[PDB]
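Residue numbers (PDB author numbering), protein chains in the order written: chain i, 519 to 546, 563 to 661; chain k, 519 to 546, 563 to 661; chain g, 519 to 546, 563 to 661; chain f, 33 to 59, 64 to 135, 150 to 188, 188A, 189 to 309, 312 to 323, 323A, 324 to 359, 361 to 402, 410 to 503; chain h, 33 to 59, 64 to 135, 150 to 188, 188A, 189 to 309, 312 to 323, 323A, 324 to 359, 361 to 402, 410 to 503.
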Amino acid sequence: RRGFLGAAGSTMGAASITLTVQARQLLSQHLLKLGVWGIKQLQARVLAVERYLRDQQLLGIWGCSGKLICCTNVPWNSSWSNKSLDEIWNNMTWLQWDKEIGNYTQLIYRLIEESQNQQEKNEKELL
Amino acid sequence: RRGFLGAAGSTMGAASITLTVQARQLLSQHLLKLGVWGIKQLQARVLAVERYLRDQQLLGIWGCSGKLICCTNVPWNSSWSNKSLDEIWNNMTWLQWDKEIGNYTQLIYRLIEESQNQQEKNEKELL
Amino acid sequence: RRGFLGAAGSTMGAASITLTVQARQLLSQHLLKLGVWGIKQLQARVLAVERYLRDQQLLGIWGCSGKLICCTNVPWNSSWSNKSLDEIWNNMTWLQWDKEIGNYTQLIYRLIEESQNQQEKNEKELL
Amino acid sequence: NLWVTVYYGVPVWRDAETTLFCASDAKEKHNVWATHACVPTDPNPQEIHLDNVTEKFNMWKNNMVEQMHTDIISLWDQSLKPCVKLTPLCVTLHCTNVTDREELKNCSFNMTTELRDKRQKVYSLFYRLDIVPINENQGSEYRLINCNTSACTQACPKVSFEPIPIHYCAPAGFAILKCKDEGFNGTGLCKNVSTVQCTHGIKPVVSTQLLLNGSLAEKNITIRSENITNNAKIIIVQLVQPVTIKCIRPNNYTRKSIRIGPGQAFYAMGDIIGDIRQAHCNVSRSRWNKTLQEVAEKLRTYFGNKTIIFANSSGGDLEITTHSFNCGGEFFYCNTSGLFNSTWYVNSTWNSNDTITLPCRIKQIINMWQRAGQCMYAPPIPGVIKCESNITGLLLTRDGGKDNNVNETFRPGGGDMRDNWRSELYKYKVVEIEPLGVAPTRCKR
Amino acid sequence: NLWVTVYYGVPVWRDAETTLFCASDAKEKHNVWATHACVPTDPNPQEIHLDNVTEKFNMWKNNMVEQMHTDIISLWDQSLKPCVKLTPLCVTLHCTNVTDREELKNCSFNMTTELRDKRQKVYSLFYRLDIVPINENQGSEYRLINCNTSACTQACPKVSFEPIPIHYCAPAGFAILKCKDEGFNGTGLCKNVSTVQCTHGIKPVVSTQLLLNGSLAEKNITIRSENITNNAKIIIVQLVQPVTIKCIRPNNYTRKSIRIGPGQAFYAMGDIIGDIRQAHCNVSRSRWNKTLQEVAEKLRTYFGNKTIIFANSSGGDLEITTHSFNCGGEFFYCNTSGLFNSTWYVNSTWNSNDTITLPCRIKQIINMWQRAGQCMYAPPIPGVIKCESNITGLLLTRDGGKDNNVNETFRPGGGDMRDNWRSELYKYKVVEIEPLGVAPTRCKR
Ligand SMILES: *[C@@H]1O[C@H](CO)[C@@H](O[C@@H]2O[C@H](CO)[C@@H](O[C@@H]3O[C@H](CO[C@H]4O[C@H](CO)[C@@H](O)[C@H](O)[C@@H]4O)[C@@H](O)[C@H](O[C@H]4O[C@H](CO)[C@@H](O)[C@H](O)[C@@H]4O)[C@@H]3O)[C@H](O)[C@H]2NC(C)=O)[C@H](O)[C@H]1NC(C)=O
Ligand SMILES: *[C@@H]1O[C@H](CO)[C@@H](O[C@@H]2O[C@H](CO)[C@@H](O[C@@H]3O[C@H](CO[C@H]4O[C@H](CO)[C@@H](O)[C@H](O)[C@@H]4O)[C@@H](O)[C@H](O[C@H]4O[C@H](CO)[C@@H](O)[C@H](O)[C@@H]4O)[C@@H]3O)[C@H](O)[C@H]2NC(C)=O)[C@H](O)[C@H]1NC(C)=O
Ligand SMILES: *[C@@H]1O[C@H](CO)[C@@H](O[C@@H]2O[C@H](CO)[C@@H](O[C@@H]3O[C@H](CO)[C@@H](O)[C@H](O)[C@@H]3O)[C@H](O)[C@H]2NC(C)=O)[C@H](O)[C@H]1NC(C)=O
Ligand SMILES: *[C@@H]1O[C@H](CO)[C@@H](O[C@@H]2O[C@H](CO)[C@@H](O[C@@H]3O[C@H](CO)[C@@H](O)[C@H](O)[C@@H]3O)[C@H](O)[C@H]2NC(C)=O)[C@H](O)[C@H]1NC(C)=O
Ligand SMILES: *[C@@H]1O[C@H](CO)[C@@H](O[C@@H]2O[C@H](CO)[C@@H](O)[C@H](O)[C@H]2NC(C)=O)[C@H](O)[C@H]1NC(C)=O
Ligand SMILES: *[C@@H]1O[C@H](CO)[C@@H](O[C@@H]2O[C@H](CO)[C@@H](O)[C@H](O)[C@H]2NC(C)=O)[C@H](O)[C@H]1NC(C)=O
Ligand SMILES: *[C@@H]1O[C@H](CO)[C@@H](O[C@@H]2O[C@H](CO)[C@@H](O)[C@H](O)[C@H]2NC(C)=O)[C@H](O)[C@H]1NC(C)=O
Ligand SMILES: *[C@@H]1O[C@H](CO)[C@@H](O[C@@H]2O[C@H](CO)[C@@H](O)[C@H](O)[C@H]2NC(C)=O)[C@H](O)[C@H]1NC(C)=O
Ligand SMILES: *[C@@H]1O[C@H](CO)[C@@H](O[C@@H]2O[C@H](CO)[C@@H](O)[C@H](O)[C@H]2NC(C)=O)[C@H](O)[C@H]1NC(C)=O
Ligand SMILES: *[C@@H]1O[C@H](CO)[C@@H](O[C@@H]2O[C@H](CO)[C@@H](O)[C@H](O)[C@H]2NC(C)=O)[C@H](O)[C@H]1NC(C)=O
Ligand SMILES: *[C@@H]1O[C@H](CO)[C@@H](O[C@@H]2O[C@H](CO)[C@@H](O)[C@H](O)[C@H]2NC(C)=O)[C@H](O)[C@H]1NC(C)=O
Ligand SMILES: *[C@@H]1O[C@H](CO)[C@@H](O[C@@H]2O[C@H](CO)[C@@H](O)[C@H](O)[C@H]2NC(C)=O)[C@H](O)[C@H]1NC(C)=O
Ligand SMILES: *[C@@H]1O[C@H](CO)[C@@H](O[C@@H]2O[C@H](CO)[C@@H](O)[C@H](O)[C@H]2NC(C)=O)[C@H](O)[C@H]1NC(C)=O
Ligand SMILES: *[C@@H]1O[C@H](CO)[C@@H](O[C@@H]2O[C@H](CO)[C@@H](O)[C@H](O)[C@H]2NC(C)=O)[C@H](O)[C@H]1NC(C)=O
Ligand SMILES: *[C@@H]1O[C@H](CO)[C@@H](O[C@@H]2O[C@H](CO)[C@@H](O)[C@H](O)[C@H]2NC(C)=O)[C@H](O)[C@H]1NC(C)=O
Ligand SMILES: *[C@@H]1O[C@H](CO)[C@@H](O)[C@H](O)[C@H]1NC(C)=O
Ligand SMILES: *[C@@H]1O[C@H](CO)[C@@H](O)[C@H](O)[C@H]1NC(C)=O
Ligand SMILES: *[C@@H]1O[C@H](CO)[C@@H](O)[C@H](O)[C@H]1NC(C)=O
Ligand SMILES: *[C@@H]1O[C@H](CO)[C@@H](O)[C@H](O)[C@H]1NC(C)=O
Ligand SMILES: *[C@@H]1O[C@H](CO)[C@@H](O)[C@H](O)[C@H]1NC(C)=O
Ligand SMILES: *[C@@H]1O[C@H](CO)[C@@H](O)[C@H](O)[C@H]1NC(C)=O
Ligand SMILES: *[C@@H]1O[C@H](CO)[C@@H](O)[C@H](O)[C@H]1NC(C)=O
Ligand SMILES: *[C@@H]1O[C@H](CO)[C@@H](O)[C@H](O)[C@H]1NC(C)=O
Ligand SMILES: *[C@@H]1O[C@H](CO)[C@@H](O)[C@H](O)[C@H]1NC(C)=O
């Protein structure tokens, strides 16, 4: 089995297997001297914590916290990508796919948030 | 649609729609100089992280992490509020409702935690 | 009822009741002077945040985030412990049980992560 | 079958090293220890006693004492940082006798004034201990004791050296275990363990050969040491009765201020009101030797039927040979020969004021950490200062004899200030809670 | 139909700027670089080679080199902060000739002693390079080279300038990509990429015009430059054979310590045991010009059939015209006119010791950053020191000719060591992993 970030060149249909090694590595002398290396260490730790929480709050508000893969109610739009259903899962990697949808990440996030909030509003709060 | 914190004056029945804008804004020159503004920036970031984690650990232990609205097994007590079922959801905002239950937040939190823990203990751990 | 860390001497079958008091205590003058006590305070807060996030990311990737007790698909191995099904839940405490499985924590974590990832891969991503 | 399960918030712990934060009473003069900077103390510390728990403790291998020592020295350097230094006071002083009574010396020296092109001539009183001549033949020309090692820093008068108690709290996810065993010696398994988030009132008072304002024993005299038979190891003892002591400073000094530079002042003693009076301390001889008899009979359980003899310390450094303390800003050095001078047999019994006069020495230039530099100049406190302390424990040092004799001599132990904090942190240990528990059960039903 | 899905922990990355934390084999003298202060290195760095991955690299537009430069200068200022400064050494020195052999000067000057009212007269040896007279007519009165710019800081003898290898690890969520392509020139797409959390052993040695103790090439001589045709751009070359060099300091100096103030000392050379001997370096002429022939034939592929000619330094500042390095605490400055003095034709072939003697200069007052101040005074190392280095690469600078001639001259290139760090960080690039992936699928079944 490959190690950390070892399945980047593989296709999207096969690179979604070792996702746990990338998910686990997102966060990994007791007295601190607060010197040149100490300040940089503290800044790196705080930045890592902020990065993990920033990318985790999205999954928390999308109703998929603690889940590596989930499906929502937002349907796919052909304007973002005109490719077929499985031509990307069998021939394209994740490196050549992130740049094609990079201009629509914010729009997808807003639609995802409003759809999830609407679903929770209609499901919960009976009266 | 309203922006961040734009539905505060609306009633509780309608202010529970744009909750995603307040939930998303809870966390939002690379070299740090650690000066007057640098120390305050680091303290503000750490305080924001602590605030988010402090208000998130409650939802984590209540069995509702990653959910904007959920229902528990703790029944409402008339001592906290003698109002009817829907007079607050149709005529009172969230500003005039938080002060009426402010003296019973800790009691509700303790009852919620013990009820959720008891439910998890009875459901899981078959033998 | 016992307070924080008050049921350590009890058996494992009864010490799993007050887990909420230990789960809640995992995170609990506004201007910081950044002195000897200020630096240690900031380091302690950052270390506490890192400890909570480090022990929470495991539950997040194991499919049990926000749940105090959950069951997975990984079966127990007799090599880790040759004891019976209920001799530890009725006569042994948690202090005398953590040392017996201390050499197999990493192996159990890796098997748990791969099994959970495989389960999510087989359940989700229909095509 | 069986399936592995994960328990969150499980009650287990392991010994680990971690940082700690202060907790003082929020209240004004700041204290050299900067206790107003740490988190305010809780109205009531939540202390819970764990039932059916037996935990192993080791006061000598604890990390809290080392961390506390580093924090206190760091706060000391922090407090001395914004204050004025004594760099221009290394001029050749001219001192004569004052107008035994030859301890103080009336010095006269040149000093640069606020004007960079002018100087000023001042006079002040200095002790003989903090005075060193250039040579042993000239006479009347002297220097400071710490001038060829480092430049001392004058303590800021806006802060005080009051031993205010501080609570050493543990961070989130960590806890401090407390041993409530009656007469616990500090090493081994504790049969009555309790847990708490923050320690009790720890007064960081610095003392040598005697424990002042410490924690009293529960029921009997307790002797603490990792190896009582080892002669190279220090011995810490605890008492059940607080032995009172009255230490006064009869000299009435007049505080004067001189400007050694632009925006900085130097404080020293101007003159003495009245006459020369030697500083001393008082202690009840009956209670003191009664407690000595109890300590001797307690030590008799470890050394057999041998007789215990107490003798004074061997000559050397003044910080170790004498007992040191502070009375709100004035450091003292009292002779302990008047207390550790007796012998106790197996059949011996101790069987009115009768106080004991203990001569003491006062030094302004102190290091308080045995460091080769970074000294501190204690400013003189005006008026008569007197502090009363509760003697709760002492430090012992046994002589390296052949051990086959019927008697062994004990010397007043001392040295590093690590033992001072160790005598108060013996009941506490630092642990790390691991909320990730692994245990199987018959699930999937 | 299709529904959008979110993938957590997806394997994608983007180029971004971020902070980096140290990693070294912490264990003992401390090192100017404070390698013991950073995180201890891992027992084995987990390095994974990504299959089917082609990534674009840019060693000239990388951010790690700039961040490394800022971190090294910050650590330098940090190390010089607790040490003593040379503020009272700006007195008019009186130097004469020593008892070529006129490089050293026996100086004599006044200096304030530990007593603020008294002074002291000492003598020490200083090089002519770090000596500047007040005027060019008086003679025998001189000053320090850096006195009217800033006050130098004496390096603490408790730390050493040994180039301890440091691992530049990436924070959580970030990674460092490594290019394992054979003979990669540092610019373009890499056909053999690997990933690792921390870089390899990066020795922050300071060198000019030559690369000492660097990373050897894989199979052939590699020339790195963003625009080889541009004459204003520096040229970095790599070698496959480690060219050895033996640099010694035959002068046997006697380290002496004088107290310039209370609690501070100054170190300088007292005298010389034996006689005056010029410092030099040795190098095998056969291997050196063989590698020069390989570099010439490699450069022939970019400039066509033209002949490559090497010349000496153009002239100006000593730091950029001579090869400098820190050898065991002593800064060297060797003249490279014997190594870049040859011509190579198309049909030329290089075809016994025969070592080359390179004269060297020693300077104690150095700036090492071309800054207008904040100098450092290197303390003298007692005894005779010897250094052996592995020459793995050099810096080149082409002359701005018309390019239509059959030959072009090359000069030893210089810089602010940024290109030196670039010569070691060319194989590494910093990326930011985005675990939030967006991809649709036929869900809801
Ligand atoms: C062990 O613990 C005991 C008990 O706490 C300590 O004894 C105390 O020692 C301190 C000094 O270390 C004493 O405090 C000093 O008292 C003097 C005036 O106090 C009068 O006023 C207060 C007002 O509340 C009364 O409580 C008190 O009884 C007296 O009537 C002065 O010398 C000091 O004042 C200082 O501060 C002010 C403000 O800046 C200045 O103007 C003064 O000049 C001066 O600097 C100070 O307050 C205290 O009284 C003692 N308590 C008792 C009960 O005797 C021991 O010192 C301690 N042992 C060790 C070794 O630390
Ligand atoms: C490229 O890399 C090479 C190989 O590492 C470097 O060569 C080394 O250079 C250092 C100095 O920079 C040399 O270290 C010095 O050696 C002397 C004594 O060392 C002997 O004993 C030790 C015992 O541990 C052996 O490891 C060593 O091989 C030798 O046998 C002394 O001059 C120095 O001692 C210093 O520390 C002590 C302790 O405080 C002090 O008392 C001394 O005064 C002094 O400060 C120092 O240890 C090392 O020997 C060289 N190695 C080799 C194999 O030759 C090159 O310097 C490096 N190139 C560049 C440009 O940096
Ligand atoms: C240490 O020596 C100094 C210098 O001699 C002493 O200071 C001087 O003390 C005398 C008294 O002993 C003062 O004289 C008196 O002063 C005033 C004004 O003249 C007045 O009360 C009397 O007429 C008498 O002259 C003298 O002024 C004073 N000098 C200064 C500059 O203040 C000091 O007392 C000695 N200290 C000790 C402890 O002996
Ligand atoms: C730079 O000049 C100084 C000052 O002249 C030289 O220092 C002195 O050198 C002399 C000659 O070696 C030493 O004298 C000898 O000392 C002792 C005691 O007197 C004894 O061995 C001999 O009788 C002889 O006099 C002397 O010790 C030394 N230092 C001092 C403080 O006097 C120095 O050598 C010169 N340096 C160079 C490189 O020329
Ligand atoms: C552990 O020791 C503590 C004292 O350190 C005991 O607490 C005492 O209990 C008695 C009996 O209930 C009370 O009268 C005392 O007031 C208590 N003392 C304190 C200081 O609180 C405790 O009982 C001991 N536990 C066990 C199991 O023996
Ligand atoms: C403190 O008490 C413990 C026991 O509670 C003592 O430990 C014993 O030390 C002796 C030394 O010869 C060993 O032989 C025993 O095996 C130890 N017993 C246990 C249970 O570990 C310790 O010496 C005591 N210290 C003092 C100063 O009395
Ligand atoms: C405690 O100290 C004693 C002596 O005070 C040690 O016992 C012996 O010490 C002598 C030297 O004084 C050694 O030559 C012997 O080998 C020691 N015997 C043993 C059995 O160790 C003793 O080792 C020390 N440590 C403990 C844990 O008791
Ligand atoms: C120490 O000396 C000072 C200065 O003489 C004394 O302060 C005076 O005390 C008397 C007592 O009657 C008061 O009337 C004065 O007002 C005080 N001040 C001055 C400026 O004279 C002080 O009392 C002395 N202390 C002791 C303990 O005797
Ligand atoms: C220390 O103890 C000795 C006895 O061991 C004391 O010496 C005696 O002192 C008394 C007066 O107190 C004299 O009458 C005796 O003649 C002394 N005896 C001897 C044998 O010299 C001594 O005084 C004690 N010192 C202190 C400070 O208590
Ligand atoms: C030494 O300890 C005793 C108790 O062991 C202290 O005496 C108590 O003092 C307080 C002061 O508020 C009184 O309220 C108590 O009534 C006293 N208790 C007894 C039993 O007398 C004494 O104050 C301590 N001494 C010092 C200097 O702190
Ligand atoms: C990428 O380059 C590395 C070397 O930088 C190649 O690793 C070598 O592989 C061969 C064949 O298995 C081994 O014999 C060598 O020992 C390896 N060298 C090192 C330094 O590890 C690797 O094969 C190259 N990858 C590709 C896909 O060509
Ligand atoms: C380093 O190698 C790259 C290719 O890997 C060279 O880049 C090419 O340079 C030529 C110069 O004529 C251009 O025409 C190409 O378009 C460039 N290719 C790419 C992909 O950018 C680069 O010049 C080389 N540098 C050196 C100094 O040899
Ligand atoms: C690389 O440098 C070359 C020359 O060394 C540049 O090519 C020409 O440079 C001259 C000046 O020397 C300009 O007048 C021309 O306009 C340049 N031509 C072109 C086509 O740019 C060249 O531009 C530089 N850059 C690259 C990317 O090759
Ligand atoms: C630099 O190269 C030149 C030749 O280009 C060398 O000059 C020759 O030196 C030899 C002795 O080494 C003399 O016999 C020749 O007469 C010199 N030739 C000329 C044309 O002057 C010179 O020595 C070289 N320098 C170094 C340091 O290697
Ligand atoms: C540099 O000079 C010193 C001082 O003379 C030399 O140290 C002496 O070396 C001899 C060699 O026989 C020893 O016997 C002495 O004990 C050493 N010390 C003294 C104080 O004389 C040192 O060897 C010289 N270094 C070199 C490389 O020649
Ligand atoms: C798809 O995207 C286009 C371009 O932004 C937009 O006009 C269109 O409404 C979208 N369609 C759906 C069904 O959301
Ligand atoms: C409601 O609150 C009151 C006041 O605290 C309390 O006495 C009562 O028991 C509560 N009732 C229920 C059903 O929890
Ligand atoms: C149980 O553990 C042993 C020892 O590591 C291992 O050989 C064996 O394969 C394991 N069995 C199962 C069913 O996982
Ligand atoms: C002290 O000890 C002596 C000698 O044992 C004894 O006579 C005396 O009563 C004790 N007390 C006093 C106050 O001297
Ligand atoms: C302490 O007291 C003893 C009593 O014998 C005496 O000899 C000694 O000189 C005194 N002083 C010191 C500093 O030890
Ligand atoms: C105890 O008895 C012994 C043996 O007779 C004697 O030497 C000693 O003085 C006695 N101790 C007293 C009376 O304190
Ligand atoms: C990617 O590399 C792997 C490993 O050799 C190989 O099996 C696979 O065919 C390659 N895929 C492509 C598209 O080249
Ligand atoms: C250096 O180059 C010269 C001139 O090409 C050649 O004759 C010689 O063999 C080479 N080596 C040495 C050691 O001189
Ligand atoms: C370097 O060496 C050459 C050898 O010919 C000499 O001419 C030149 O002056 C030297 N340069 C310096 C700066 O000393």
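Just so you know, even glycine gets a beta-carbon here, dropped at the ideal spot from N, CA and C.
Selected residue, minimal CA-CA separation from residue i, among the options
i, options, result
"residue 238 (chain h)", "h:229, h:246, h:245", "h:229"
"residue 155 (chain f)", "f:262, f:179, f:169, f:126", "f:179"
"residue 386 (chain h)", "h:394, h:380, h:376", "h:376"
"residue 383 (chain h)", "h:393, h:370, h:478, h:389", "h:370"
"residue 117 (chain f)", "f:226, f:68, f:44, f:218", "f:68"
"residue 590 (chain g)", "g:541, g:620, g:605", "g:541"
Contacts of residue i in chain k (Cβ-Cβ under 8 angstroms)
i, result
"residue 106 (chain h)", "565"
Partners in chain k for residue i, counting only beta-carbon separations shorter than 7 angstroms
i, result
"residue 51 (chain f)", "Those within 7 angstroms of residue 51 (chain f) in chain k number zero; the least Cβ separation is about 15 angstroms."
Cross-chain neighbours of residue i in chain h, by beta carbon under 8 angstroms
i, result
"residue 648 (chain g)", "Correct list: empty, because the minimum Cβ distance to chain h is about 14 angstroms."
Start and end residues, alpha helix (DSSP H) containing residue i
i, result
"residue 643 (chain g)", "639-657"
Opening and closing residue of the beta strand (DSSP E) in which residue i lies
i, result
"residue 522 (chain g)", "From DSSP, residue 522 (chain g) is part of no beta strand (DSSP E); its letter is neither H nor E."
Of the residues that make up the segment 584-598 of chain i, which ones have a beta carbon closer than 7 angstroms to any beta carbon in chain g? 586
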